[PDB]
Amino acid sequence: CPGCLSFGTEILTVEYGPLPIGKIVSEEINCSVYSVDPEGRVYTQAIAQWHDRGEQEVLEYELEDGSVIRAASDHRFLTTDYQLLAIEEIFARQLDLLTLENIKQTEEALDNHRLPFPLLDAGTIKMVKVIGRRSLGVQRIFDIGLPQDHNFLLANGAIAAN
């Protein structure tokens, strides 16, 4: 599973705040995530499918802002130019990840505006590079199915594909 994330990957949920994808899938939690459309606007959508994909090769990617992403080398994330590329590629080409700097402040703003709302008007964006990685072997992976755009915001501000 290319678009799978490790158990502990924290997804920013509307109703409960950050929750590990493994928990969301293991309990098949009905909740919504924050996603970005092709026009770069943020909106919420409820999870439609919960997938427990067993195990596969997972790497730990260390980000410039200190956060970390544990996923398959080819998992895609949103870049500063609005391209969904494999994190390994983002590391290899030293591209910048388009991320939200302050989650709390961003969610607060989105609570007082009509959605979808421009991601850049929601909060301050930070362009962070992926500085390194290291194999973790084969680990437990999961994925959630969304009804609209196949991406969602992580607790660290990064936007992961699905």
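Start at 1 and count along the sequence shown; that's the residue number.
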- request: Read off the CA B-factors in the entry, average them over 38 to 46 and over 52 to 60, and name the higher stretch.
  value: 52 to 60
query: Can you tell me which stretch has the higher mean Cα B-factor, 102 to 110 or 26 to 34?
result: 102 to 110
Top residue by Cα temperature factor, when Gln139, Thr13, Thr9, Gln148 are compared in the entry: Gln139
message: Quick check on the deposited entry: does the C-alpha B-factor of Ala155 sit in the lowest, middle or highest third of its chain?
response: lowest
message: Going by the CA temperature factor in the PDB record, which third of the chain does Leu5 belong to: lowest, middle or highest?
response: lowest
